[PDB]
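As stored in structure.txt (compact mmCIF, N, CA and C atoms and all ligand atoms):
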```txt
# COMPACT_ATOMS: atom_id res chain seq x y z
N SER W 884 -28.89 14.47 11.58
CA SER W 884 -27.81 13.76 12.27
C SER W 884 -27.06 12.80 11.33
N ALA W 885 -25.71 12.92 11.30
CA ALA W 885 -24.81 12.13 10.46
C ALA W 885 -24.71 10.67 10.92
N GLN W 886 -25.26 9.76 10.11
CA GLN W 886 -25.20 8.31 10.32
C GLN W 886 -24.02 7.74 9.53
N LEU W 887 -23.58 6.53 9.90
CA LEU W 887 -22.51 5.85 9.19
C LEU W 887 -23.19 5.27 7.99
N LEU W 888 -22.60 5.45 6.80
CA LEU W 888 -23.20 4.99 5.54
C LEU W 888 -22.46 3.77 4.93
N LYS W 889 -21.13 3.87 4.66
CA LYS W 889 -20.36 2.78 4.06
C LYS W 889 -18.99 2.69 4.69
N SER W 890 -18.54 1.48 5.05
CA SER W 890 -17.24 1.24 5.67
C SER W 890 -16.38 0.38 4.74
N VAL W 891 -15.12 0.79 4.52
CA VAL W 891 -14.19 0.09 3.61
C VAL W 891 -12.86 -0.10 4.29
N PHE W 892 -12.21 -1.19 3.93
CA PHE W 892 -10.94 -1.61 4.45
C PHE W 892 -9.89 -1.54 3.40
N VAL W 893 -8.69 -1.11 3.80
CA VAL W 893 -7.54 -1.04 2.91
C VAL W 893 -6.34 -1.70 3.56
N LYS W 894 -5.86 -2.78 2.96
CA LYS W 894 -4.67 -3.47 3.42
C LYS W 894 -3.49 -2.70 2.78
N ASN W 895 -2.38 -2.34 3.47
CA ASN W 895 -2.02 -2.46 4.88
C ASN W 895 -2.01 -1.00 5.37
N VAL W 896 -3.18 -0.34 5.28
CA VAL W 896 -3.38 1.09 5.54
C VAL W 896 -4.31 1.30 6.72
N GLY W 897 -5.57 0.87 6.56
CA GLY W 897 -6.57 1.00 7.60
C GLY W 897 -7.98 0.89 7.10
N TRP W 898 -8.89 1.55 7.80
CA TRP W 898 -10.32 1.53 7.49
C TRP W 898 -10.79 2.94 7.28
N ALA W 899 -11.63 3.12 6.28
CA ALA W 899 -12.26 4.39 5.97
C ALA W 899 -13.76 4.21 6.07
N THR W 900 -14.47 5.24 6.53
CA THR W 900 -15.91 5.17 6.73
C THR W 900 -16.59 6.42 6.22
N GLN W 901 -17.51 6.27 5.31
CA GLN W 901 -18.22 7.41 4.79
C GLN W 901 -19.42 7.61 5.65
N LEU W 902 -19.67 8.85 6.04
CA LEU W 902 -20.83 9.20 6.83
C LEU W 902 -21.85 9.90 5.92
N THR W 903 -23.13 9.97 6.40
CA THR W 903 -24.27 10.59 5.68
C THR W 903 -23.99 12.03 5.32
N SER W 904 -23.47 12.79 6.29
CA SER W 904 -23.15 14.21 6.16
C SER W 904 -22.23 14.63 4.98
N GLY W 905 -21.49 13.68 4.41
CA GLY W 905 -20.50 13.93 3.37
C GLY W 905 -19.09 13.83 3.92
N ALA W 906 -18.96 13.35 5.18
CA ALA W 906 -17.69 13.21 5.87
C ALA W 906 -17.06 11.88 5.55
N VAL W 907 -15.74 11.80 5.77
CA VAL W 907 -14.94 10.58 5.63
C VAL W 907 -14.03 10.53 6.85
N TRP W 908 -14.04 9.37 7.50
CA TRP W 908 -13.31 9.10 8.70
C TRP W 908 -12.40 7.93 8.45
N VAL W 909 -11.08 8.16 8.39
CA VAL W 909 -10.07 7.13 8.21
C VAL W 909 -9.43 6.91 9.57
N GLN W 910 -9.19 5.63 9.92
CA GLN W 910 -8.58 5.17 11.17
C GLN W 910 -7.39 4.29 10.77
N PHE W 911 -6.21 4.91 10.67
CA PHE W 911 -5.03 4.22 10.16
C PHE W 911 -4.49 3.15 11.11
N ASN W 912 -3.75 2.17 10.54
CA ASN W 912 -3.18 1.09 11.34
C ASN W 912 -1.95 1.52 12.15
N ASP W 913 -1.57 2.81 12.12
CA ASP W 913 -0.44 3.34 12.91
C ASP W 913 -0.94 4.09 14.15
N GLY W 914 -2.26 4.18 14.32
CA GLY W 914 -2.88 4.87 15.44
C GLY W 914 -3.37 6.25 15.08
N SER W 915 -3.21 6.63 13.79
CA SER W 915 -3.62 7.94 13.28
C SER W 915 -5.08 7.93 12.90
N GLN W 916 -5.73 9.10 12.87
CA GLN W 916 -7.15 9.22 12.55
C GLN W 916 -7.38 10.52 11.78
N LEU W 917 -7.54 10.44 10.46
CA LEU W 917 -7.82 11.60 9.62
C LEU W 917 -9.34 11.72 9.46
N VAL W 918 -9.86 12.95 9.50
CA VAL W 918 -11.27 13.24 9.30
C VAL W 918 -11.30 14.40 8.34
N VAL W 919 -12.18 14.28 7.37
CA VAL W 919 -12.31 15.19 6.25
C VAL W 919 -13.80 15.23 5.82
N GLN W 920 -14.27 16.38 5.31
CA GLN W 920 -15.66 16.52 4.86
C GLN W 920 -15.78 17.49 3.70
N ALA W 921 -16.74 17.24 2.80
CA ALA W 921 -16.98 18.10 1.65
C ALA W 921 -17.62 19.41 2.14
N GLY W 922 -17.30 20.51 1.48
CA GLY W 922 -17.77 21.84 1.88
C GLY W 922 -16.86 22.47 2.91
N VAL W 923 -16.42 21.68 3.91
CA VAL W 923 -15.52 22.12 4.97
C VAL W 923 -14.08 22.20 4.42
N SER W 924 -13.45 23.39 4.51
CA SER W 924 -12.07 23.61 4.04
C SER W 924 -11.03 23.04 5.04
N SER W 925 -11.42 22.89 6.32
CA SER W 925 -10.55 22.38 7.38
C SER W 925 -10.41 20.85 7.34
N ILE W 926 -9.32 20.34 7.93
CA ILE W 926 -9.08 18.90 8.07
C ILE W 926 -8.60 18.61 9.50
N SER W 927 -9.19 17.61 10.17
CA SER W 927 -8.77 17.23 11.53
C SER W 927 -7.95 15.94 11.44
N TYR W 928 -6.75 15.95 12.00
CA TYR W 928 -5.86 14.80 12.03
C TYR W 928 -5.46 14.47 13.46
N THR W 929 -5.76 13.26 13.90
CA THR W 929 -5.35 12.74 15.18
C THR W 929 -4.16 11.80 14.94
N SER W 930 -3.15 11.89 15.82
CA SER W 930 -1.86 11.22 15.72
C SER W 930 -1.77 10.03 16.66
N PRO W 931 -0.73 9.15 16.54
CA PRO W 931 -0.65 7.98 17.44
C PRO W 931 -0.54 8.30 18.92
N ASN W 932 0.10 9.41 19.26
CA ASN W 932 0.19 9.90 20.64
C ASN W 932 -1.20 10.27 21.24
N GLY W 933 -2.21 10.50 20.39
CA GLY W 933 -3.56 10.83 20.81
C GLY W 933 -3.99 12.28 20.62
N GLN W 934 -3.06 13.18 20.20
CA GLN W 934 -3.41 14.58 20.00
C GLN W 934 -4.19 14.76 18.73
N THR W 935 -5.32 15.47 18.82
CA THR W 935 -6.18 15.81 17.69
C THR W 935 -5.85 17.27 17.29
N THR W 936 -5.59 17.54 15.98
CA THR W 936 -5.24 18.88 15.49
C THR W 936 -6.05 19.27 14.25
N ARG W 937 -6.75 20.41 14.27
CA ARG W 937 -7.52 20.91 13.13
C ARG W 937 -6.57 21.76 12.30
N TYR W 938 -6.70 21.71 10.96
CA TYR W 938 -5.83 22.47 10.06
C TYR W 938 -6.69 23.16 9.00
N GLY W 939 -6.53 24.47 8.87
CA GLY W 939 -7.26 25.28 7.91
C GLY W 939 -6.66 25.26 6.52
N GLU W 940 -7.45 25.81 5.57
CA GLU W 940 -7.14 25.89 4.14
C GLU W 940 -5.71 26.36 3.82
N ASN W 941 -5.21 27.38 4.56
CA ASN W 941 -3.90 28.00 4.34
C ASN W 941 -2.98 27.85 5.55
N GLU W 942 -2.69 26.59 5.87
CA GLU W 942 -1.79 26.22 6.95
C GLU W 942 -0.85 25.20 6.36
N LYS W 943 0.44 25.43 6.45
CA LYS W 943 1.43 24.52 5.92
C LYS W 943 1.39 23.22 6.76
N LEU W 944 1.10 22.07 6.11
CA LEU W 944 1.04 20.77 6.73
C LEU W 944 2.38 20.05 6.63
N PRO W 945 2.70 19.17 7.61
CA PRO W 945 3.92 18.36 7.47
C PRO W 945 3.67 17.16 6.54
N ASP W 946 4.75 16.65 5.93
CA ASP W 946 4.66 15.53 4.99
C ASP W 946 3.84 14.37 5.54
N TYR W 947 3.99 14.03 6.85
CA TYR W 947 3.22 12.93 7.46
C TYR W 947 1.70 13.07 7.34
N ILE W 948 1.16 14.31 7.32
CA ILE W 948 -0.27 14.56 7.11
C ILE W 948 -0.56 14.64 5.59
N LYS W 949 0.37 15.17 4.78
CA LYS W 949 0.15 15.23 3.32
C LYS W 949 0.06 13.81 2.75
N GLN W 950 0.94 12.89 3.24
CA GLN W 950 0.99 11.49 2.81
C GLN W 950 -0.30 10.77 3.09
N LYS W 951 -0.92 11.04 4.24
CA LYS W 951 -2.19 10.43 4.62
C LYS W 951 -3.33 11.01 3.78
N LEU W 952 -3.26 12.28 3.40
CA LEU W 952 -4.25 12.87 2.50
C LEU W 952 -4.15 12.27 1.08
N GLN W 953 -2.91 12.08 0.55
CA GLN W 953 -2.68 11.45 -0.77
C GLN W 953 -3.43 10.13 -0.76
N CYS W 954 -3.15 9.37 0.29
CA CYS W 954 -3.70 8.06 0.60
C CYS W 954 -5.22 8.13 0.73
N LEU W 955 -5.76 9.09 1.50
CA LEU W 955 -7.21 9.29 1.61
C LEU W 955 -7.84 9.51 0.21
N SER W 956 -7.19 10.28 -0.71
CA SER W 956 -7.72 10.52 -2.07
C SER W 956 -7.87 9.19 -2.84
N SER W 957 -6.95 8.26 -2.62
CA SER W 957 -6.94 6.94 -3.22
C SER W 957 -8.00 6.01 -2.56
N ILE W 958 -8.26 6.17 -1.26
CA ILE W 958 -9.30 5.39 -0.57
C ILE W 958 -10.69 5.85 -1.07
N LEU W 959 -10.82 7.15 -1.44
CA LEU W 959 -12.07 7.73 -1.97
C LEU W 959 -12.56 7.04 -3.27
N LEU W 960 -11.66 6.29 -3.96
CA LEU W 960 -11.97 5.51 -5.16
C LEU W 960 -12.85 4.27 -4.83
N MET W 961 -12.80 3.80 -3.58
CA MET W 961 -13.49 2.60 -3.15
C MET W 961 -14.94 2.82 -2.72
N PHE W 962 -15.43 4.07 -2.64
CA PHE W 962 -16.84 4.37 -2.33
C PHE W 962 -17.56 4.88 -3.61
N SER W 963 -16.84 4.96 -4.75
CA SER W 963 -17.39 5.49 -5.99
C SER W 963 -18.17 4.43 -6.75
N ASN W 964 -19.46 4.73 -7.04
CA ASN W 964 -20.31 3.86 -7.84
C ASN W 964 -20.06 4.24 -9.29
N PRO W 965 -19.47 3.32 -10.09
CA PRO W 965 -19.20 3.65 -11.49
C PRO W 965 -20.40 3.44 -12.43
N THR W 966 -21.55 2.91 -11.94
CA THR W 966 -22.74 2.68 -12.77
C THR W 966 -23.16 4.00 -13.48
N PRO W 967 -23.43 3.99 -14.81
CA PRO W 967 -23.86 5.23 -15.46
C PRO W 967 -25.24 5.68 -15.00
N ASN W 968 -25.42 7.00 -14.92
CA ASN W 968 -26.68 7.62 -14.53
C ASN W 968 -27.48 7.90 -15.81
N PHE W 969 -28.78 7.63 -15.74
CA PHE W 969 -29.74 7.87 -16.82
C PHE W 969 -30.97 8.56 -16.19
N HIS W 970 -31.94 9.03 -17.02
CA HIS W 970 -33.18 9.71 -16.61
C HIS W 970 -32.95 11.06 -15.90
N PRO P 720 -34.96 10.98 3.54
CA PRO P 720 -34.52 11.35 2.18
C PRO P 720 -34.93 10.32 1.13
N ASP P 721 -35.09 10.75 -0.14
CA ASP P 721 -35.48 9.89 -1.27
C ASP P 721 -34.32 8.95 -1.64
N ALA P 722 -34.60 7.80 -2.28
CA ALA P 722 -33.58 6.84 -2.71
C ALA P 722 -32.67 7.41 -3.82
N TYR P 723 -33.26 7.98 -4.91
CA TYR P 723 -32.50 8.58 -6.02
C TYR P 723 -31.73 9.81 -5.55
N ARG P 724 -32.44 10.78 -4.95
CA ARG P 724 -31.90 12.05 -4.46
C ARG P 724 -30.83 11.89 -3.37
N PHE P 725 -30.89 10.81 -2.57
CA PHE P 725 -29.90 10.53 -1.53
C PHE P 725 -28.63 9.98 -2.17
N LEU P 726 -28.75 8.83 -2.87
CA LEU P 726 -27.66 8.13 -3.53
C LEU P 726 -26.89 8.92 -4.59
N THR P 727 -27.57 9.83 -5.30
CA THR P 727 -26.93 10.67 -6.30
C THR P 727 -26.12 11.76 -5.57
N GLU P 728 -26.75 12.42 -4.57
CA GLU P 728 -26.11 13.47 -3.78
C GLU P 728 -24.93 12.93 -2.95
N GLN P 729 -24.97 11.66 -2.50
CA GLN P 729 -23.84 11.11 -1.73
C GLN P 729 -22.65 10.86 -2.64
N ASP P 730 -22.88 10.35 -3.85
CA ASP P 730 -21.81 10.16 -4.83
C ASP P 730 -21.34 11.52 -5.38
N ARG P 731 -22.21 12.54 -5.39
CA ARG P 731 -21.85 13.91 -5.77
C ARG P 731 -20.96 14.53 -4.68
N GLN P 732 -21.32 14.35 -3.39
CA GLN P 732 -20.53 14.87 -2.25
C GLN P 732 -19.13 14.21 -2.17
N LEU P 733 -19.04 12.91 -2.57
CA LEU P 733 -17.79 12.15 -2.62
C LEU P 733 -16.86 12.70 -3.69
N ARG P 734 -17.41 13.05 -4.88
CA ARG P 734 -16.65 13.62 -6.00
C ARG P 734 -16.05 14.96 -5.60
N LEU P 735 -16.84 15.80 -4.89
CA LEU P 735 -16.39 17.10 -4.38
C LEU P 735 -15.27 16.97 -3.37
N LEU P 736 -15.29 15.91 -2.56
CA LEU P 736 -14.25 15.62 -1.56
C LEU P 736 -12.92 15.36 -2.26
N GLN P 737 -12.88 14.44 -3.24
CA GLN P 737 -11.70 14.10 -4.06
C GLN P 737 -11.04 15.33 -4.66
N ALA P 738 -11.87 16.23 -5.20
CA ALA P 738 -11.44 17.47 -5.85
C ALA P 738 -10.91 18.48 -4.85
N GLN P 739 -11.59 18.60 -3.69
CA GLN P 739 -11.16 19.48 -2.61
C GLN P 739 -9.79 19.10 -2.11
N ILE P 740 -9.55 17.78 -1.94
CA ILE P 740 -8.25 17.32 -1.45
C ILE P 740 -7.20 17.54 -2.56
N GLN P 741 -7.61 17.43 -3.82
CA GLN P 741 -6.74 17.66 -4.98
C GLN P 741 -6.29 19.12 -5.08
N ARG P 742 -7.20 20.08 -4.79
CA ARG P 742 -6.85 21.50 -4.74
C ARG P 742 -5.84 21.68 -3.59
N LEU P 743 -6.20 21.17 -2.42
CA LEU P 743 -5.41 21.20 -1.19
C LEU P 743 -4.00 20.70 -1.42
N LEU P 744 -3.85 19.56 -2.07
CA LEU P 744 -2.51 19.04 -2.34
C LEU P 744 -1.74 19.99 -3.25
N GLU P 745 -2.41 20.60 -4.25
CA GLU P 745 -1.76 21.57 -5.11
C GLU P 745 -1.41 22.82 -4.32
N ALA P 746 -2.37 23.36 -3.51
CA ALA P 746 -2.16 24.55 -2.66
C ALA P 746 -0.90 24.40 -1.83
N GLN P 747 -0.69 23.23 -1.26
CA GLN P 747 0.49 22.89 -0.46
C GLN P 747 1.79 22.97 -1.28
N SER P 748 1.75 22.66 -2.58
CA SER P 748 2.92 22.74 -3.46
C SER P 748 3.42 24.21 -3.61
N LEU P 749 2.50 25.18 -3.51
CA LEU P 749 2.79 26.60 -3.54
C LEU P 749 3.29 27.12 -2.19
N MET P 750 2.75 26.59 -1.07
CA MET P 750 3.12 27.00 0.29
C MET P 750 4.56 26.65 0.69
N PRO P 751 5.21 27.46 1.56
CA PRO P 751 4.72 28.64 2.29
C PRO P 751 5.33 29.93 1.76
CL CL D 1001 -13.44 3.86 10.23
```
Conversion result in structure tokens:
Amino acid sequence: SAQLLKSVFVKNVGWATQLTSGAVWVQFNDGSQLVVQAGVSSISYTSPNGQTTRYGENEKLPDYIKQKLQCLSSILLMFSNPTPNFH
Amino acid sequence: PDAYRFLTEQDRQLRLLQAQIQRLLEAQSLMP
């Protein structure tokens, strides 16, 4: 079962939350909610009106969802541990 | 789960996410 692992805030964007499963849940300050996970090619985007829409690997997305993904890639920098690995 | 094996795999799963979205953004540049 996927537990919440780390929660991060981004001014003036929103909050992102990493889950155990490898998922990332962003809750934007415009009422939008992007959900993304490693291994899974699909992306679920919920809009301010409340509609949730799943999008597959080869589905043309509108700029409003591409912009939030660009942004999600930049939020992914805030959960990265830069400490070097040894042993 | 183990402390080393959990924390390494979570940062490994995060790296794969960044790359997946990076392919996706490029894939979109080719579409439709
Ligand atoms: Cl969140």
| request: Considering all atoms listed in the file, extract the chain P residues located within 6.5 Å of chain W and return them as an MDAnalysis selection string. | output: chainID P and resid 730 732:733 735:737 750:751
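Distance-wise, atom N of residue P:725 and atom C of residue W:908 end up 21.7 Å apart.
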| task | Point out the residue among W:930, W:936, W:915, W:900 with the least atom-to-atom distance to ligand CL 1001 (chain D), counting all atoms listed in the file. | result |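 Distance minimum relative to ligand CL 1001 (chain D) lands on W:900.
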| task | Using only N, CA and C atoms and all ligand atoms, find each residue with an atom at most 7 Å away from ligand CL 1001 (chain D) and format the answer as an NGL selection string. | result | :W and (890-891 or 897-901 or 908-910)
| said: To one decimal place in Å, what is the distance between atom C of residue P:723 and atom C of residue P:740? | reply: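 Interatomic distance here is 25.9 Å.
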| task | Kindly indicate which residue among W:927, W:895, W:889, W:946 lies nearest to residue W:913, using only N, CA and C atoms for the distances. | result |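 Selected residue with least distance to residue W:913: W:895.
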| note | Atom pair atom CA of residue P:738 + atom CA of residue P:726, distance 18.9 Å
| request: Run DSSP on the backbone and grab whatever in chain W lands in helix (DSSP H, G or I); send it over as a ChimeraX atom specification. | output: /W:946-962
| request: Point out the residue among P:731, P:724, P:747, P:742 with the least atom-to-atom distance to residue W:948, counting only C-alpha atoms. | output: P:747
Taking N, CA, C and O atoms as the atom set, what does stretch 722-733 of chain P look like once completed, written as an mmCIF file, in the frame of the given file?
```
data_model
loop_
_atom_site.group_PDB
_atom_site.id
_atom_site.type_symbol
_atom_site.label_atom_id
_atom_site.label_comp_id
_atom_site.auth_asym_id
_atom_site.auth_seq_id
_atom_site.Cartn_x
_atom_site.Cartn_y
_atom_site.Cartn_z
ATOM 1 N N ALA P 722 -34.600 7.800 -2.280
ATOM 2 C CA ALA P 722 -33.580 6.840 -2.710
ATOM 3 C C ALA P 722 -32.670 7.410 -3.820
ATOM 4 O O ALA P 722 -31.448 7.357 -3.681
ATOM 5 N N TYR P 723 -33.260 7.980 -4.910
ATOM 6 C CA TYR P 723 -32.500 8.580 -6.020
ATOM 7 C C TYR P 723 -31.730 9.810 -5.550
ATOM 8 O O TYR P 723 -30.512 9.882 -5.737
ATOM 9 N N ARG P 724 -32.440 10.780 -4.950
ATOM 10 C CA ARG P 724 -31.900 12.050 -4.460
ATOM 11 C C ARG P 724 -30.830 11.890 -3.370
ATOM 12 O O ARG P 724 -29.944 12.751 -3.271
ATOM 13 N N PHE P 725 -30.890 10.810 -2.570
ATOM 14 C CA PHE P 725 -29.900 10.530 -1.530
ATOM 15 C C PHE P 725 -28.630 9.980 -2.170
ATOM 16 O O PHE P 725 -27.570 10.588 -2.043
ATOM 17 N N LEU P 726 -28.750 8.830 -2.870
ATOM 18 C CA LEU P 726 -27.660 8.130 -3.530
ATOM 19 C C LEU P 726 -26.890 8.920 -4.590
ATOM 20 O O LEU P 726 -25.693 8.694 -4.770
ATOM 21 N N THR P 727 -27.570 9.830 -5.300
ATOM 22 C CA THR P 727 -26.930 10.670 -6.300
ATOM 23 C C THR P 727 -26.120 11.760 -5.570
ATOM 24 O O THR P 727 -24.940 11.958 -5.870
ATOM 25 N N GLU P 728 -26.750 12.420 -4.570
ATOM 26 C CA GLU P 728 -26.110 13.470 -3.780
ATOM 27 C C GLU P 728 -24.930 12.930 -2.950
ATOM 28 O O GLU P 728 -23.983 13.679 -2.731
ATOM 29 N N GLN P 729 -24.970 11.660 -2.500
ATOM 30 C CA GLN P 729 -23.840 11.110 -1.730
ATOM 31 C C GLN P 729 -22.650 10.860 -2.640
ATOM 32 O O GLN P 729 -21.526 11.175 -2.244
ATOM 33 N N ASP P 730 -22.880 10.350 -3.850
ATOM 34 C CA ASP P 730 -21.810 10.160 -4.830
ATOM 35 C C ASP P 730 -21.340 11.520 -5.380
ATOM 36 O O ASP P 730 -20.168 11.648 -5.723
ATOM 37 N N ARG P 731 -22.210 12.540 -5.390
ATOM 38 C CA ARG P 731 -21.850 13.910 -5.770
ATOM 39 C C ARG P 731 -20.960 14.530 -4.680
ATOM 40 O O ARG P 731 -19.963 15.173 -5.009
ATOM 41 N N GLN P 732 -21.320 14.350 -3.390
ATOM 42 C CA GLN P 732 -20.530 14.870 -2.250
ATOM 43 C C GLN P 732 -19.130 14.210 -2.170
ATOM 44 O O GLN P 732 -18.157 14.863 -1.769
ATOM 45 N N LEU P 733 -19.040 12.910 -2.570
ATOM 46 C CA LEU P 733 -17.790 12.150 -2.620
ATOM 47 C C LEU P 733 -16.860 12.700 -3.690
ATOM 48 O O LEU P 733 -15.660 12.783 -3.462
#
```
